[PDB]
Amino acid sequence: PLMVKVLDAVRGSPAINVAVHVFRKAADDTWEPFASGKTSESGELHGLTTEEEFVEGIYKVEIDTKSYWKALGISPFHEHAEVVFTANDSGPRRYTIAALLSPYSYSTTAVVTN
Amino acid sequence: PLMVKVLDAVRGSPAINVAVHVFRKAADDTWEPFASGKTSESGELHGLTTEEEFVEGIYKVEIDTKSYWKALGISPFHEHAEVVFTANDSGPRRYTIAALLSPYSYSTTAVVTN
Amino acid sequence: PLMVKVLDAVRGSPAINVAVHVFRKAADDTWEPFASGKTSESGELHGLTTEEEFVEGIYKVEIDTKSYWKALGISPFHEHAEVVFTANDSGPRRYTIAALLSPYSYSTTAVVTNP
Amino acid sequence: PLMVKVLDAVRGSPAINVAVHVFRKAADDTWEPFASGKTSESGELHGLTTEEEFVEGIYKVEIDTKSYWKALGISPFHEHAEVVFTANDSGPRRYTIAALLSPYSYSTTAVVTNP
Ligand SMILES: Cc1cc(C(=O)Nc2cc(Br)c(O)c(Br)c2)cc(C)c1O
Ligand SMILES: Cc1cc(C(=O)Nc2cc(Br)c(O)c(Br)c2)cc(C)c1O
């Protein structure tokens with residue numbers, strides 16, 4: 001039910017081998033590790049979770065943009081990019097978190113479908 | 001070699017049934033019709049052209065954003081969204097033109113791969 | 001009543017010396033030259049037109065992004081970024097057309113205010 | 001040395017009365033409250049800090065986008081937009097953090113200048 005896709009606005013390419021960490025907000029308001037991985041050659045990260053595990057709640061997707069840029073020899077502004085949202089069972093069932101990266105900027109959108 | 005993908009930033013969805021026209025710049029600097037279609041349920045428009053037909057040159061992709069917004073009952077700013085670029089055989093072979101739409105704004109990127 | 005602002009997403013800076021050409025659709029459906037200029041050190045382009053001259057119509061703001069990037073020695077994707085909109089059709093408004101540029105991407109937004 | 005500007009991509013207007021909370025990472029690795037405020041009628045938030053107080057560090061600018069959209073009666077996707085960056089590590093700079101908001105999307109950029 002959750003996919004992350006990352007694109008590079010400088011090279012016009014997927015953002016490959018980018019580390020992505022997902023956290024779930026705990027009762028005590030701390031961020032608990034939930035899922036992680038690295039984007040593929042297509043810039044996508046599949047298989048993070050299952051429907052059974054992905055219950056309603058607040059999640060944070062942290063994209064390691066700083067390492068990505070440094071590995072390309074580029075000095076970036078941000079420490080990481082964070083996307084924080086609530087999963088809601090009354091809306092559609094599949095979430096795509098998409099990010100478009102530049103050294104000093106990023107854009108993100110949600111594509112939520114059934 | 002050419003795919004167009006359109007997303008909706010208001011609803012968090014693909015932008016479905018959006019008209020897209022592609023033009024090729026002619027010798028006399030006019031825009032000649034090249035390919036067209038409507039985005040699918042996934043927001044994508046496949047099959048516009050073939051490798052044989054898609055020669056180097058300047059192309060314009062015009063996305064009919066005004067009709068899209070009006071069909072959803074929303075008053076938009078732009079007449080359309082235009083993406084104008086040169087196809088170059090020395091770069092990678094497949095072009096994805098991606099657009100992310102809002103009533104008063106849009107973002108576009110190119111994903112160019114082999 | 002028309003201002004253009006351009007930022008650079010690679011540099012984290014205003015986009016300086018960006019050429020901008022504005023056209024207005026004529027009665028015969030062609031794009032007539034309306035005004036032009038370049039962004040300043042702040043990334044802003046002021047003084048394009050006047051409230052008398054900026055009548056109702058369909059306008060095209062062409063931001064010369066390729067020329068900008070090439071002048072910086074970079075080979076970008078797009079030829080230009082075009083922003084096409086109907087203006088002043090409910091009376092005079094003030095328009096800011098804002099753009100944010102990367103070599104293979106851009107975003108644009110409008111800020112429309114009623115004086 | 002720190003300014004936040006927020007625009008609304010649905011309205012084509014400044015995003016007014018947007019709450020913004022700034023944190024700075026402490027020695028113990030927690031996020032310490034640093035400053036806060038709200039955007040004005042222009043969409044800008046000035047006066048958050050001073051050059052004395054805005055020392056080197058890792059800062060988090062939290063823009064309360066959900067609260068903004070809910071106050072407008074809209075159910076948005078994100079909880080907030082967070083912008084996290086190292087500041088002043090090569091001496092004092094001026095930072096503008098700019099954001100452009102839609103219910104299911106946002107973009108952010110930085111303008112960094114050397115006074
Ligand atoms: C935040 C953002 C994402 C995207 C985006 O990720 N598009 C996109 C989404 C999926 Br799913 C795809 O498979 C592809 Br290809 C592009 C495009 C733009 C112009 C943008 O500003
Ligand atoms: C993240 C973003 C910011 C902006 C933006 O905020 N531009 C801007 C910055 C400052 Br300081 C201004 O005074 C004004 Br007007 C616009 C524009 C776009 C198209 C965009 O994607």
Side-chain angles (χ1 to χ4, degrees), chain A residues 2 4-7 9-10 21-25 28-31 56-70 74-92 94-113, chain D residues 2 4-7 9-10 21-25 28-31 56-70 74-90 93-114:
Chain A
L2 179 62
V4 179
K5 186 153 184 169
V6 192
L7 295 176
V10 169
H21 296 256
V22 185
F23 304 87
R24 187 170 186 274
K25 196 175 216 196
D28 70 358
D29 272 355
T30 67
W31 289 113
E56 292 188 298
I58 297 172
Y59 292 85
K60 170 177 56 156
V61 176
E62 192 159 287
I63 308 171
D64 185 3
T65 60
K66 189 179 186 182
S67 300
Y68 174 74
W69 290 119
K70 288 183 49 169
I74 294 162
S75 183
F77 180 70
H78 302 93
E79 287 295 298
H80 51 244
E82 307 270 59
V83 179
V84 184
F85 65 100
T86 295
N88 170 34
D89 283 354
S90 337
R94 304 173 211 158
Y95 303 76
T96 295
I97 302 299
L100 177 61
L101 308 182
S102 301
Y104 281 71
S105 179
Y106 61 93
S107 293
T108 190
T109 199
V111 191
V112 185
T113 64
Chain D
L2 178 65
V4 178
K5 185 154 186 164
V6 190
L7 295 178
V10 168
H21 298 251
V22 186
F23 304 84
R24 182 182 179 276
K25 189 190 278 189
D28 69 356
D29 283 326
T30 65
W31 287 113
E56 190 284 331
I58 302 172
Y59 292 83
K60 167 163 60 163
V61 174
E62 209 148 70
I63 300 171
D64 294 335
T65 57
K66 181 167 170 192
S67 288
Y68 169 75
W69 290 112
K70 285 187 74 180
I74 300 186
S75 304
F77 184 76
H78 302 92
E79 289 296 307
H80 46 69
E82 298 171 310
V83 178
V84 182
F85 61 104
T86 302
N88 307 306
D89 62 332
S90 290
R93 302 289 184 276
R94 302 203 197 291
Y95 301 81
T96 299
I97 303 307
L100 177 63
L101 305 183
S102 299
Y104 279 76
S105 181
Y106 62 89
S107 60
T108 189
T109 198
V111 189
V112 183
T113 63
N114 183 345

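In what follows, chains carry the letters A, B, and so on, assigned in the order in which the sequence lines appear, proteins first and then strands, with residues in each chain numbered from 1.
Contact between A:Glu82 and A:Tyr106 at its shortest, heavy atoms only, is N-OH, 4.0 Å.
At a 4.5 Å heavy-atom cutoff, the contact between D:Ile58 and chain A is made by side-chain atoms alone. The part of D:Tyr95 that comes within reach of chain A is its side chain, from C-beta onward, which places non-hydrogen atoms under 4.5 angstrom from that chain. Contacts of D:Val112 with chain A are made by side-chain atoms alone, with heavy-atom separations under 4.5 Å and no backbone atom involved. When heavy atoms are compared at a cutoff of 4.5 Å, A:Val83 approaches chain D by way of both its backbone and its side chain.
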- Would A:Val22 and A:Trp31 satisfy side-chain contact (heavy atoms from CB on, under 4.5 Å), going step by step from the backbone distance to the final call? CA-CA 9 Å; A:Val22 185; A:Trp31 289 113; over 6 Å; no
- Query: Please walk me through it: do A:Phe85 and A:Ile97 pass side-chain contact (heavy atoms from CB on, under 4.5 Å)?
  - Reply: CA-CA 10 Å; A:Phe85 65 100; A:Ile97 302 299; 4.0 Å; yes
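A heavy-atom distance below 4.5 Å is found between the side chains of D:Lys70 and D:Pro76. Side-chain atoms of D:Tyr68 and D:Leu101, non-hydrogen and from C-beta on, do get closer than 4.5 Å to each other.
Of the listed residues A:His80, A:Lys60, A:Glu79, the one with more heavy-atom pairs under 4.5 angstrom with chain D than any other is A:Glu79.
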